[PDB]
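Structure first, commentary second.
Every residue, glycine among them, receives a Cβ derived from its backbone with ideal geometry; neighbour counts consider all protein chains shown. No lab work stands behind these numbers, since they all come straight from the coordinates.
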Amino acid sequence: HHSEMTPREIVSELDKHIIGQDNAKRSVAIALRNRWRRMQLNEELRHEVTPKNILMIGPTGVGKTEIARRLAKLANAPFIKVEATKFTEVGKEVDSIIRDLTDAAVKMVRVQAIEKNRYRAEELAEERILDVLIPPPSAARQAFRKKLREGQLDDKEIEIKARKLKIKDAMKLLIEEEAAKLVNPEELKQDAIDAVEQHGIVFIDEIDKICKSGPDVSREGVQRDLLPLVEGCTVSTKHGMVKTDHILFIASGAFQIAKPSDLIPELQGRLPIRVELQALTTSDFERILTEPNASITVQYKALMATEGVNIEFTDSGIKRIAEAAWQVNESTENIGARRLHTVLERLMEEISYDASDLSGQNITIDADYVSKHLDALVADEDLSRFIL
Amino acid sequence: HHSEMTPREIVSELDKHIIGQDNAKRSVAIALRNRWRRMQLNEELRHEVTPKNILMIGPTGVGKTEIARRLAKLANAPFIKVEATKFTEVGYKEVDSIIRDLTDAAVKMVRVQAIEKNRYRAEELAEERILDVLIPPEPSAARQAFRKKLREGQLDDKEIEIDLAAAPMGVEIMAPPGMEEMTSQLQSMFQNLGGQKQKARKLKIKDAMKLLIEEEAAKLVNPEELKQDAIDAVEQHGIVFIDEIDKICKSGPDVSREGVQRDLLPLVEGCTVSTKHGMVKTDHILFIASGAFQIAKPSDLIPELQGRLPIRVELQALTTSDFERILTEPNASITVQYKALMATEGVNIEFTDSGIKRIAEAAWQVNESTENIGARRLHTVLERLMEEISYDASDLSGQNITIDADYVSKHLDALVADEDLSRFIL
Amino acid sequence: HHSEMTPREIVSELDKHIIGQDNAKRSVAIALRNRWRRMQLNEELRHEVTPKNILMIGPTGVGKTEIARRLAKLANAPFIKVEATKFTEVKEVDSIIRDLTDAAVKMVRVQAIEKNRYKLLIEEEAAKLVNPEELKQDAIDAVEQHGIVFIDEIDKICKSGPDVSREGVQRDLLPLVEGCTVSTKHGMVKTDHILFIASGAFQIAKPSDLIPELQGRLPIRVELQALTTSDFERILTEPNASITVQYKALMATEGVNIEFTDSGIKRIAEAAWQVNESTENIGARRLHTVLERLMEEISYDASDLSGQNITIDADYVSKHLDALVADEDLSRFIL
Amino acid sequence: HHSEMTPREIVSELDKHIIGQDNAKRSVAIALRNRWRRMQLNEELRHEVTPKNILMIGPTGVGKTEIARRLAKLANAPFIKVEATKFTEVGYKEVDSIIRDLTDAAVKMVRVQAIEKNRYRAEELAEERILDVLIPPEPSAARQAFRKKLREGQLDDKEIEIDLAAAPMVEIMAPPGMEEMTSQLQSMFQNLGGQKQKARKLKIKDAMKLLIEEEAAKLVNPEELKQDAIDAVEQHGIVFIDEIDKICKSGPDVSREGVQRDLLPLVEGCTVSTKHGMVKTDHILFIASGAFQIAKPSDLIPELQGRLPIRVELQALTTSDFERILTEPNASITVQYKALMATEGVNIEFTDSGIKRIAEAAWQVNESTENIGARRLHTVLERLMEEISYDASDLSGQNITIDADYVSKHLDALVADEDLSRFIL
Ligand SMILES: Nc1ncnc2c1ncn2[C@@H]1O[C@H](COP(=O)(O)OP(=O)(O)O)[C@@H](O)[C@H]1O
Ligand SMILES: Nc1ncnc2c1ncn2[C@@H]1O[C@H](COP(=O)(O)OP(=O)(O)O)[C@@H](O)[C@H]1O
Ligand SMILES: Nc1ncnc2c1ncn2[C@@H]1O[C@H](COP(=O)(O)OP(=O)(O)O)[C@@H](O)[C@H]1O
Ligand SMILES: Nc1ncnc2c1ncn2[C@@H]1O[C@H](COP(=O)(O)OP(=O)(O)O)[C@@H](O)[C@H]1O
């Protein structure tokens, strides 16, 4: 059901992925904790209590989206990201948010079912093999069970319409037959509805652009159409009837042009929690390259390891990589932490291409190797917009 | 099924939720009371007498919508709130959708009332079928043993194989956004025709119990009697609330603005609207409209609409004395909810009289310093005030936290004093 | 089948609801009587003879719509009212016949449920012998032969930029009056024999500003006089189930006997006449808002006033009204 | 089939309905005569020869549409009238809809022709199933006895229980564009539910007519009836496009000429899909009309001018023509008002001097304000007859004579005032 984690355990889990932005983490943790707190109340208070929506404020590239993505992934919750300006053009309907979110939940519950159906099909597949070895666990059945998993015993011929086969090729055929009987289409579609209603999470990006003569009537019309979603309503979908009352909504935006006070008063009352996010620094970039679990540099260490090349990133090399991304954002356009992705690939493109010929070597990326493939490019701002 | 409550008993019940706004409570009581007065007349007068619709006037956040919500909830009536500007575009949402979503809201209303009557019986037969798998076949011993262990025990995590019904079709249809409602109706037809059977599958008693209650409760209630009864709820008891009707009043946009009034005209004057649950007649449906009317006036409405809104009430703006009452008096007020939410973690929150008073002063000052959003400022102010407690409530378990006037001025006055920061955070 | 009533019998029944406007009652009586006259002709003349459509002219709130509603209710005919300006935006015009069919399906369905009730074995034969598709077929026969359509504010689509879009509504409405075949979910519907009644103020434009093809499809023209103070008094009392009789019976449910004096009925009408002259003239609709504001105190206290006789005089009217009617700024919001 | 009448026999028949406009009648007579002329040619010349489409020019109300209506009714051809401005919005209407409604008019036309032939076979099979209920089962005696008693006798008032078909089935919500589709889906569930007949008690009087309808559907093949209507549209189809002058030619000109480009594949010929099957528009005859006061036929796109070879100007009607329209045409408005008042028992008689002043009154209104053509005769007559039509119930058994004095009493007062003539007349 809903996870029992405390807000401190949720923020501690988010620190494995997002760097900094502790205030934003505490806001989503409190909202996720209220999901469990509402389950502990009586029947009257469960309907009266609605989720507390979060309005994030900050420049682009500070992690507003990754916090929401990891939260839904931490809460095992369906997630969708919608641009607020998509509805500005008009006839797309605003209800499409719930329609596409539901579709994401239907595929989610299917993959989670196949994951739980595989271990169940394999247990019953080898269980039917043990009936041929020892006709009816006692001893011999437990002996052939441990010898079938650990050993290469599968090469022996075993007759399992009865037909003779090899346990290696009979095991994969018995998994196909057992996995087809473990799926319930009715309970799968109903759980996808409960996933959207109870656990649903919706992230509305760049909601500041729809704030307030000609365009303002079109802008404030999106909020009036977004209003029944946050206040709760019924949306018809192909999969069934989806109620948005218990869905959590997380909005974000720059708010340089407008302010959250420019939103309609009915929407402000539906976005009670507000959190400002600080912009990232050069000291933060050095942290993002290494600290987060499966960071882009750790991934590249493992990717070249597939070819047999050991990549090592020195601190002086990581420092100039971070200094490179900061310089490009200042010289041209500030895209946030996304600059680290394009800068890392441009430096690593020569190693990634020749990695097949570098098998068996240890390549050390220092401050000098970084400045050779970068400083020439970072010096030209005209080249920095196309290449970086 | 019309409630016999007098106008004074209705206003007294509304006082349990809404604070003040006595004129608007007396308006909705008259409309609801006429529902019972009409049912006592002869056949000729029942059709000639039509509900008296209400046009509410007042600034935002004064409780216009909540009065309509509690009115329909008090009368056990289907209710829907629609924004008048939703139909300004006109290219598809249809104006008929107001009765459509009102019909579907009534079907769920009469369904939950049918589930509660069938609940204890469906749960009795659901667990009865579980006992047939545990002990294959007066109850003797083992059956009464597993029955008591199933209700009291957490043994539902065990694996049990029970036969259950399933729809073998499993077909998905691609549809453009307009056909999203229609294709779902086609999917229910193919499952209703061919498949009648039950297939043996392996489940867990925790998930198998909830799946058995749905199957047994469906057999107890008849769909033909329930679907036609919901239509009788929309025609007699239906209640519709049209928000921000002042924004559709009156060259370029005014033709599209007044077009919404023309489209809403057959609803209030009465007409026949087709729904998937049946044919619905809007003649006796009660309509309530609300608006600020700062830009326009009720005279700027089309003359055909003015006659269909005979009852007029303006609602007064809330004051600081009202904010102090809203924080406590109403049932399930925002402080009552937060008090119970922190109690989940084991923390006892207490709000002093002077603390509640300085919370209201903060919300009042923000509405004046920046933008007046009405009583909705109380949530943003309270959530900002309690965000430290709500995060630490896990570690504060077993402690009594008292919110005094000093605690309020510490976490708020700093923010309210700076107007530039007040707009972002509050 | 279809009831045969002389034009005087139609007007005499309309007098039980509408007050005055005798010129419009005589026009609608001719059209409904032609429904029975065409049934008595031969096969060749039935298709050649087309219904005579009516174009009504007059200010708002004079009873143009009530005359049409009571006419169809008297003939048990499907009725629909659509605003001509709804098609100014570039909804299809065929939706007029679609919503007319939907309203006729429920009409013949509710009327058929009563016939089946006229005890458990009789109801089991009612759910069997009655066919759901046969009711759909009976509705289509009611739309083609007896159908009545009312098009409000038709003068607003008269005639350079918007005039091409305004007159385009007339051109799209043309096949409906000339006759055509419109497809609906309930079946195929033919508009040849449907009666159409149009109305408008015609202060901005004139019927001559309509396209020439449309003028010939509206042979009957009638102007409705503006209601006066003497007419307002008659609307409060004379019509069957009048707004005052309704409010007299609603209070009677609580146990209170309400009586309206002749002096009060006169000043109630004078109050409504004063508001239409001071701010905006909404016609007889002003009586609805004025009555409710006068009776709002009695309607709320009717539970505690049970067993009492409350008499509404001219003094009680002047107490709850003259204060509000004198202030025009408040008259727009409250009245 | 294809009528063999000569151009002179066509025009002579059109004079029974339309008055004057001889140059236009000769144009439509040539186009209908070429339908028969092409039939007598060889296989190569039949396809190469295409119908000669007609463009009518003249003021409104001169009878352009009545010539097209009476022409198709004379040739027993499917006919449809469409306004050229209907497709200006082009939202969803597709121009292909002209052939769609034309096919539906042909299906109903050939269906009634199939009902008359199936009447004797259905009535034989309808009473055949009734005889199985009376005498349970060459005919021997009892079957031949009840057969002669059912046709000759009024014995149908007896209660007889016969089995008849019905379906248990549902409503579907759809946007206005799917209104035609959902009607087809509903018919498919009624056919799929089951094939059988439910037993119910009835009367032979009402059971015989209900048995004829069920048998008549089985006798006619839905593939033969549906495909025969396609042959009626391709060869005999006649389409009238009104006010084509309003789609002639910057901002509106792109949307106006866009209608001609969408109308172009219809006149040049193409394949249009209908619910009844595939229809080819190559040989369908098209007739266009317009006032052409604002624009000219040369303003049309060059590809459309080549597809409208026949050009005819229609003259404006005069006072002498209005006198003829009130009397000469079959089922004229004055004869129709004579029979309508006859239903109440009143005999109406129009004098020659009264008819003459009516025509002069209709001309004066067209001259004083706006000229709407012969349509003015409808409003002028109804205003004159409105007092008689209301009292027709109490005037039963009386003979009312409409003279020149009765015309000037109810009209000249109203016609003299031009401000009131616009509203009332
Ligand atoms: N605090 C952070 N820690 C780690 N990665 C981050 C952080 N902030 C941004 N990123 C990077 O930015 C990308 C996504 O940024 P996103 O959250 O979509 O920007 P925004 O906050 O403007 O929505 C991710 O690929 C991630 O690597
Ligand atoms: N008089 C009142 N008494 C209690 N709560 C109120 C009152 N007025 C407003 N509220 C609060 O404001 C919210 C309702 O605002 P709403 O009525 O929707 O705004 P509006 O009246 O502008 O439509 C509710 O959450 C309610 O708690
Ligand atoms: N002559 C009349 N007699 C009785 N009621 C009238 C009369 N004229 C107007 N009304 C009132 O006006 C309302 C309907 O007006 P309506 O006919 O819609 O206006 P319009 O004539 O502008 O269409 C009804 O509620 C009716 O009580
Ligand atoms: N020459 C005519 N003979 C008889 N009736 C006519 C004649 N011209 C017009 N009408 C009358 O006018 C109407 C037809 O006008 P129509 O042909 O549609 O106008 P247009 O010729 O401008 O398209 C019919 O009702 C018909 O009675």
Name every residue in region B:279-293 that is within 11 Å of another protein chain (Cβ to nearest Cβ) and in contact with a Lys or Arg (Cβ under 6 Å, 6 or more places away or on another chain), in order of residue number.
-> B:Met279
What single numbered condition from (1) over 27 Å from C:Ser183 (Cα atoms); (2) surrounded by fewer than 22 Cβ atoms within 10 Å (Cβ to Cβ) fails to hold for D:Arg69?
-> (1)
Note on C:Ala142: of the conditions (1) more than 8 Å from every other protein chain (Cβ to nearest Cβ); (2) closer than 30 Å to D:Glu83 by Cα; (3) out of contact with any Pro (no Cβ under 8 Å at 6 or more places or on another chain); (4) not in a loop (DSSP other than H, G, I, E, B), unmet is (3)
Test D:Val107 against the criterion of being surrounded by 14 or more Cβ atoms within 10 Å (Cβ to Cβ), assigned to a helix (DSSP H, G or I) and out of contact with any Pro (no Cβ under 7 Å at 6 or more places or on another chain), and give yes or no.
-> yes
Residue hits (region C:272-300; more than 16 Å from ligand 3 (Cβ to nearest atom) and more than 16 Å from B:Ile311 (Cα to Cα)) are C:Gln274, C:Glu277, C:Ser278, C:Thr279
Screening C:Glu259, C:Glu296 for residues that are facing another protein chain (nearest Cβ under 8 Å), away from ligand 1 (no atom under 16 Å from the Cβ) and charged (D, E, K, R) leaves only C:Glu296
Sole miss for A:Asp191 among (1) of a type in the set (D, E, K, R); (2) farther than 17 Å from A:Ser261 by Cα; (3) buried (at least 20 other Cβ atoms within 10 Å of the Cβ) is condition (3)
Is it true that some residue in region D:112-119 is surrounded by fewer than 14 Cβ atoms within 10 Å (Cβ to Cβ) and within 14 Å of another protein chain (Cβ to nearest Cβ)?
-> yes
Expected output for region D:1-19 (first residue assigned to a helix (DSSP H, G or I), partner within 16 Å of ligand 4 (Cβ to nearest atom) and not acidic (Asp, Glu), Cβ below 6 Å, 6+ apart or cross-chain) is D:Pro7/D:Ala29; D:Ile10/D:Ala29; D:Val11/D:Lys25; D:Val11/D:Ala29; D:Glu13/D:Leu74; D:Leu14/D:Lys25; D:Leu14/D:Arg70
The one condition C:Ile122 fails out of (1) under 30 Å from D:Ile162 (Cβ atoms); (2) within 11 Å of chain B (Cβ to nearest Cβ) is (2)
Restricting region C:1-57 to residues that are closer than 16 Å to C:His146 by Cβ and of a type in the set (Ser, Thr, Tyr), which is farthest from ligand 1 (Cβ to nearest atom)?
-> C:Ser3
Kindly check whether there is at least one residue in region D:383-391 that is within 14 Å of another protein chain (Cβ to nearest Cβ), within 12 Å of ligand 4 (Cβ to nearest atom) and either surrounded by fewer than 20 Cβ atoms within 10 Å (Cβ to Cβ) or hydrophobic (A, V, I, L, M, F, W, C) (or both).
-> no
The lone condition B:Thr352 fails out of (1) within 13 Å of another protein chain (Cβ to nearest Cβ); (2) over 18 Å from B:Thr65 (Cα atoms) is (1)
Those residues of region B:276-297 which are surrounded by 22 or more Cβ atoms within 10 Å (Cβ to Cβ) and within 28 Å of B:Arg38 (Cα to Cα) amount to B:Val280, B:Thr282, B:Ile285, B:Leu286, B:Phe287, B:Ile288, B:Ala289, B:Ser290
Among the candidates A:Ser359, A:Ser371, A:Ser331, which residue alone is closer than 28 Å to A:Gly58 by Cβ, out of contact with any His (no Cβ under 9 Å at 6 or more places or on another chain), more than 16 Å from ligand 1 (Cβ to nearest atom) and of a type in the set (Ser, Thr, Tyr)?
-> A:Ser331
Find the residue count for region B:67-94, including only residues that are more than 14 Å from the chain's Cα centre (by Cα) and either within 16 Å of ligand 2 (Cβ to nearest atom) or more than 10 Å from every other protein chain (Cβ to nearest Cβ) (or both).
-> 5
If we keep only residues of region C:1-40 that are more than 11 Å from every other protein chain (Cβ to nearest Cβ) and of a type in the set (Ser, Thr, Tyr), then the residue nearest to ligand 3 (Cβ to nearest atom) is C:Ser12
Subset of region B:19-51 that is basic (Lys, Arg) and within 23 Å of the chain's Cα centre (by Cα) - its residue that is nearest to ligand 4 (Cβ to nearest atom) | B:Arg35
If you take the residues of region C:41-61 that are facing another protein chain (nearest Cβ under 9 Å) and either within 16 Å of ligand 3 (Cβ to nearest atom) or of a type in the set (S, T, N, Q) (or both), which of them is surrounded by the most Cβ atoms within 10 Å (Cβ to Cβ)?
-> C:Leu55
Would a scan of region B:301-312 turn up a residue that is more than 16 Å from ligand 3 (Cβ to nearest atom) and not acidic (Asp, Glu)?
-> yes
Examine region B:165-172 for a residue that is at the interface with chain A (Cβ under 9 Å from one of its Cβ atoms), in contact with a strand residue (DSSP E or B) (Cβ under 6 Å, 6 or more places away or on another chain) and closer than 19 Å to D:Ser183 by Cα, and state whether such a residue exists.
-> no
For region D:394-425, which residues satisfy the criterion of being facing another protein chain (nearest Cβ under 10 Å), part of a loop (DSSP other than H, G, I, E, B) and crowded, with 19+ Cβ neighbours inside 10 Å?
-> D:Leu425
By residue number, the members of region B:367-382 that are among the charged types (D, E, K, R), within 11 Å of chain A (Cβ to nearest Cβ) and assigned to a helix (DSSP H, G or I) are B:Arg376, B:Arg377
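Results for (1) aliphatic (A, V, I, L, M); (2) within 30 Å of C:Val90 (Cα to Cα); (3) part of a helix (DSSP H, G or I), shown as yes or no for each residue.
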| site | (1), (2), (3) |
| --- | --- |
| B:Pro51 | no, no, no |
| B:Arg69 | no, no, yes |
| B:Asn76 | no, no, no |
| B:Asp101 | no, yes, yes |
| B:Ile115 | yes, no, yes |
| B:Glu127 | no, no, yes |
On the given criteria, is A:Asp208 surrounded by fewer than 17 Cβ atoms within 10 Å (Cβ to Cβ), closer than 19 Å to B:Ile373 by Cβ and away from ligand 2 (no atom under 16 Å from the Cβ)?
-> no
Going by the structure shown, is D:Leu340 crowded, with 20+ Cβ neighbours inside 10 Å and over 28 Å from D:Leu102 (Cα atoms)?
-> yes
Read through the list (1) loosely packed, with under 14 Cβ neighbours inside 10 Å; (2) within 11 Å of another protein chain (Cβ to nearest Cβ), then give the number of the only condition that B:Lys219 fails.
-> (2)
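From A:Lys86, A:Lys25, A:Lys92, which residue is part of a helix (DSSP H, G or I) and surrounded by fewer than 21 Cβ atoms within 10 Å (Cβ to Cβ)?
Answer to the check: A:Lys86.
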